[PDB]
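One structure is given here, and the rest of the page talks about it.
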Amino acid sequence: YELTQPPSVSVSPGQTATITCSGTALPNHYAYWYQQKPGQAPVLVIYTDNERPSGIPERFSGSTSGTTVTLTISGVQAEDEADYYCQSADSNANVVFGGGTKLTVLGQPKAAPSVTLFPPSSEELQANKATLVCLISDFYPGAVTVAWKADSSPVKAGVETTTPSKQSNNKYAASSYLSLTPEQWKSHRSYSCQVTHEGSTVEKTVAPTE
Amino acid sequence: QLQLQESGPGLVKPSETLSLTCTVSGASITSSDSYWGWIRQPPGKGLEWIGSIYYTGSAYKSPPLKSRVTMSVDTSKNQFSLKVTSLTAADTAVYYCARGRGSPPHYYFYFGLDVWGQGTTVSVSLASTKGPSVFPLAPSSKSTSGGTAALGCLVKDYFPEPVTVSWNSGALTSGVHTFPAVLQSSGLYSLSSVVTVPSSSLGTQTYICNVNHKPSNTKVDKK
Amino acid sequence: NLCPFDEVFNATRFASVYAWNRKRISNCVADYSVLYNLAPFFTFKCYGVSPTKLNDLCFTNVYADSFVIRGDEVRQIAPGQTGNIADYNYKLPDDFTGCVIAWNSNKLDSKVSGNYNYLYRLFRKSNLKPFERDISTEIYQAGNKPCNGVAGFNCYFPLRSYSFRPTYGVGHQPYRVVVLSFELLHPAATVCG
Ligand SMILES: *[C@@H]1O[C@H](CO[C@@H]2O[C@@H](C)[C@@H](O)[C@@H](O)[C@@H]2O)[C@@H](O[C@@H]2O[C@H](CO)[C@@H](O[C@@H]3O[C@H](CO)[C@@H](O)[C@H](O)[C@@H]3O)[C@H](O)[C@H]2NC(C)=O)[C@H](O)[C@H]1NC(C)=O
């Protein structure tokens, strides 16, 4: 038994969003709505069909009509970007959750990434390893491409890059790691971290000095 | 003031069996309206209810998992437990302790799952715990005559998730940014933690990062 | 292959009495001890069979109707009763063979600021026949001058809201009711024990 729920809903700020959820046993059982923000416990925002727990803003309201229930979030805010889960139960009284809907607040200020590049520490070099560390923060929207350069020549092997991740405020962060031999760190003039966000490309760059 | 706290390992081997314990604080586990349950969430995926249990030992069990789930209520010590036999990779998830507020005889979720623990990460692998190498990330020679500068820690080769990093035994929390960890082809993790400090207070205050990898019983303090 | 009583009794949503739910149960074996173990939680009156013997019996159809009424109205869910509920919402035959099960549902269906979700019909041209349902919402004409589907003077909405608060004395509180109807017609039997 399955509750069906759109994967994504997108909404202009101050406007009103609709998350629907359908399942053949909603005639038998109430719906419940939980809000989940990155890395965090879900939060009940609607119990039974339309009851709002205490500290939940009035802009959340629940509605039913047949084999569909809906969360309605009046006047969407940036904080409301989250994952929303409907929850009910099958013919027997077995709890079941929908798939969840990402709510994206569109029209958010474009923000360019802030980039920080570290050479391999001496401590790590004398362990016979050299890892360059490129830290990419405070960007929106949440997509970057990252390019590593030995002098001005592109580099292919030994590069890992995280997926972005919705950070504390409503922005994103990511990070890329270049693994080298301690030879390689020494036998070039410069290594570069190039991150392309939207149109921009910002490039920090490090050299063996000392 | 009803709060909940999961305990439990972080790494378990395939086929083995998983043992979780939730402690209740701010209320009696005997509240006539409380149906203590477990919900899990595979990383990247959606919530799944495992089972619930009343203060009497009445146990409600999800059908997909009924065959290998067991629960119990320690009325003496104000806590409830979960056990899942024959773990497989598919059992890797965050596992959440929760309170269903409902009503007897069997309305075990009537008023919703209104209070949650904040999760214990469970990771089902045959791979062995690994303590992270930590290397200092020395501050720049940045030329803003006021401005700032950034120093950090490279927490290199660890497993499994999670790793927590403080600065200055907790004393430094302003402007710290610890980054989501990368998963390497080796199966191992690395992460970094950077602090934005005054380039003025550079030679005066001495910065140490605190790398708590509990799954390996490791602490490292560097620089 | 078991009969799906848990779907009636463990249902978290319940119908309003005027639009009462019916589930039909057939093609299964009916374990009535699943229901009788739970007797501290309901009140229960039977008509035309004994409670204990139910496992022993076989029928061509079993019907489970469920709805919410006020407590002091539970007594109309019985053969040959009269009042708002028995006459305009849910009506049993005089030859009723079955059981009327009920439990107080304050805690589930009352709300400090009132619960107005549950409705009843208060006006109708004629007393319902047994097992009949009227979902119509059209204006009942009292008086002579006819209404044009417009409620007002001598023209009413036929449906009315219960108002349930947890403060109300018992019997002004909500009660969930399940009516089980045993029906042994002339074709082949299908529900047994
Ligand atoms: C209302 O629902 C409860 C709970 O139903 C159980 O939990 C739900 C979440 C769903 O997963 C259901 O599929 C599931 O049955 C019913 O109570 C349960 O009744 C069944 C009997 O049908 C009990 O199973 C028995 O268990 C005993 C001992 O454990 C065995 O000896 C039997 O052979 C049989 O397996 C089950 O234990 C019981 N659960 C609880 C918590 O009491 C309840 O019957 C139902 N109401 C009605 C009117 O049907």
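When reading the values below, keep in mind they use all heavy atoms of this one structure, side chains included, and skip hydrogens, waters and symmetry mates. Read the numbers this way: they start at 1 and go in the same order the structure lists the ligands and their atoms. Each chain gets a letter, A, B and so on, in the order the sequences are listed, and its residues count up from 1.
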Per-atom contact, atom 27 (C) of ligand 1, protein heavy atoms, under 4.0 angstrom: no
Heavy atom of the protein closest to atom 13 (O) of ligand 1 (residue, atom name, distance): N92(A) CB, 3.9 Å
Protein contact for atom 6 (C) of ligand 1 (heavy atom, distance under 4.0 Å): no
4.0 Å protein heavy-atom contact status of atom 10 (C) of ligand 1, strictly under: yes
Polar side-chain atom of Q76(C) near backbone of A86(C) as donor-acceptor pair, under 3.5 Å: yes
Numbered atoms of ligand 1 (with element) below 4.0 Å of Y108(B), judged on heavy atoms: 9 (C)
Atom 19 (O) of ligand 1 [closest protein heavy-atom partner, distance rounded to 0.1 Å]: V34(C) CG1, 4.7 Å
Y85(A) and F97(A) aromatic ring geometry - parallel, tilted or perpendicular at 30°/60° bounds: perpendicular
Atoms of ligand 1, numbered as shown, that sit under 4.0 Å from any heavy atom of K61(B): 11 (O)
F9(C) neighbourhood, listing ligand 1 atoms whose heavy-atom distance to it stays under 4.0 Å: 48 (C)
Electrostatic pair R59(A):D80(A) at N-O distance under 4.0 angstrom: yes
Test item, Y54(B) contacting ligand 1 (heavy atom, 4.0 angstrom): no
Atom 31 (O) of ligand 1 protein-contacted, heavy-atom criterion under 4.0 angstrom: no
Test log, rule side-chain hydrogen bond (donor to acceptor under 3.5 Å, both in side chains), inputs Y95(B) and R40(B): CA-CA 4 Å; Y95(B) 283 75; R40(B) 70 189 191 174; 3.0 Å; yes
Atom 47 (C) of ligand 1: the protein heavy-atom neighbour that sits closest, reported with distance to 0.1 Å: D6(C) CA, 3.9 Å
Side chain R124(C), main chain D87(C), donor-acceptor under 3.5 Å: no
Contact bool for atom 49 (O) of ligand 1 (protein heavy atom, d < 4.0 Å): yes
Check: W20(C) main-chain N/O paired with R133(C) side-chain donor or acceptor under 3.5 Å: yes
Verify atom 44 (O) of ligand 1: protein non-hydrogen atom under 4.0 angstrom away: yes
Protein heavy atom at shortest distance from atom 46 (N) of ligand 1: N10(C) ND2, 3.1 Å
Side-chain (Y108(B)) to main-chain (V95(A)) donor-acceptor, under 3.5 angstrom: yes
Nearest protein heavy atom with distance in Å, relative to atom 42 (O) of ligand 1: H106(B) CE1, 3.6 Å
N78(B) side-chain N/O to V24(B) backbone N/O, donor-acceptor pair under 3.5 Å: yes
Closest approach of any protein heavy atom to atom 8 (C) of ligand 1, naming residue and atom: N94(A) OD1, 3.9 Å
Side chain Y96(B), main chain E6(B), donor-acceptor under 3.5 Å: no
Expected output: side-chain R101(B) to main-chain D114(B) donor-acceptor under 3.5 Å: no
contact_flag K66(B) ligand 1 heavy-atom lt 4.0 Å: no
Whether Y118(C) and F164(C) hold their rings parallel, tilted or perpendicular, with breakpoints at 30° and 60°: perpendicular
Verdict with supporting geometry, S72(B) and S81(B), side-chain hydrogen bond (donor to acceptor under 3.5 Å, both in side chains): CA-CA 5 Å; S72(B) 61; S81(B) 71; 2.5 Å; yes
Closer than 4.0 Å: a protein non-hydrogen atom to atom 36 (C) of ligand 1: no
Protein heavy atom at shortest distance from atom 41 (C) of ligand 1: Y60(B) CE2, 3.4 Å
Atom 39 (N) of ligand 1 protein-contacted (non-hydrogen atom, under 4.0 angstrom): no
Parallel, tilted or perpendicular: ring planes of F5(C) versus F9(C), cut at 30 and 60 degrees: tilted
Ligand-residue contact atoms, ligand 1 with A59(B), heavy atoms, under 4.0 Å: 41 (C)
